[PDB]
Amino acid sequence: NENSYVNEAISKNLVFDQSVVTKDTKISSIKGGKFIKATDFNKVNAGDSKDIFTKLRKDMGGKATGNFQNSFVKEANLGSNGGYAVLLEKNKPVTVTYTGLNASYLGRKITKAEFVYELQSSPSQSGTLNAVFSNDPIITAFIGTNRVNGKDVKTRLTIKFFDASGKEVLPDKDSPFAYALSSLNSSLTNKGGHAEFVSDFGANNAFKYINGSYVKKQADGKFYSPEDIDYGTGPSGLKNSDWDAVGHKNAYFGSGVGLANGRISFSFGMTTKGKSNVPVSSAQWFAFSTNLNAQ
């Protein structure tokens, strides 16, 4: 019951981290979504800062007239190889295919991966979400839109791994995939703030609680910290930089572990618990990796 540990023995049967990214790693195709031109993505509202999260926090419904080539965005948050801006729409799953991987499951080489993103909830007027998908699959995705009502931002993500022979790599029953659900920060208070969350695990997936994590399943079904761990106003006294960093000893404060006996699938998003007037509560960075913040 010690902190940073799961109460079930966990093995990193799958490896999907910085070590799997090669010289050849990139997004080779994005299918099923309207592209957002980089010149449109890069504009911000009057008086806004110029960061990727602010650029995500605008309603781009009907402003997605790009193609694969001109959707390419350069932003340091994306890594040195950039990424692609895409509009997510209800019922229109977007398949991002990564090639040139050197990942591995039980020594079985994983060279390709398909990340399929499907809008589930959006608080903008258009009901759409904006996405930038990084060419680095460990940086993965930035999602957001403008907030006009109290609705969650929510996106479902299904991941399929492929070996060199093009066949899907799925787990042995006794050797589940383990993947990190990290950086689930929260500023929620009695009436303000927001939390990033994961939820809606796929069949044969399960969330595993990390001892000492503030992230647990709430009665609304989602996994988040229901109290502020970002600004120091909650009973834990925690601020974001007290735990939210890659490699931080206490990063498990905002993390869980996903375990999958089958194809990986789950949703992630942001919740204000129904409040419409919470600032900077509609854009997030969701990174997928096996960098478990647990032992």
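One rule holds for the numbers: they count along the sequence shown, beginning at 1.
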- Per the PDB record, is the mean Cα temperature factor higher over 11-19 or over 278-286? 11-19
- Message: Which is higher on mean Cα B factor in this entry, 192-200 or 103-111?
- Response: 103-111
- Message: Using only the C-alpha B-factors in the record, can you name which of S187, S175, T158, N135 has the highest?
- Response: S175
- Query: Quick one: which of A180, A76, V116, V86 has the biggest Cα B-factor according to the entry?
  - Reply: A76
- When the modelled residues of the chain are sorted by Cα temperature factor, does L56 land in the lowest, middle or highest third? lowest
- Of the three thirds of the chain ranked by Cα temperature factor, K208 occupies the middle
- Based on the entry's values, in what third of the chain does the Cα temperature factor of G258 lie: lowest, middle or highest? lowest
- Note on the structure: By the entry's values, the third containing the CA B factor of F72 is the highest
- Of the three thirds of its chain by CA temperature factor, lowest, middle or highest, which one includes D242? middle
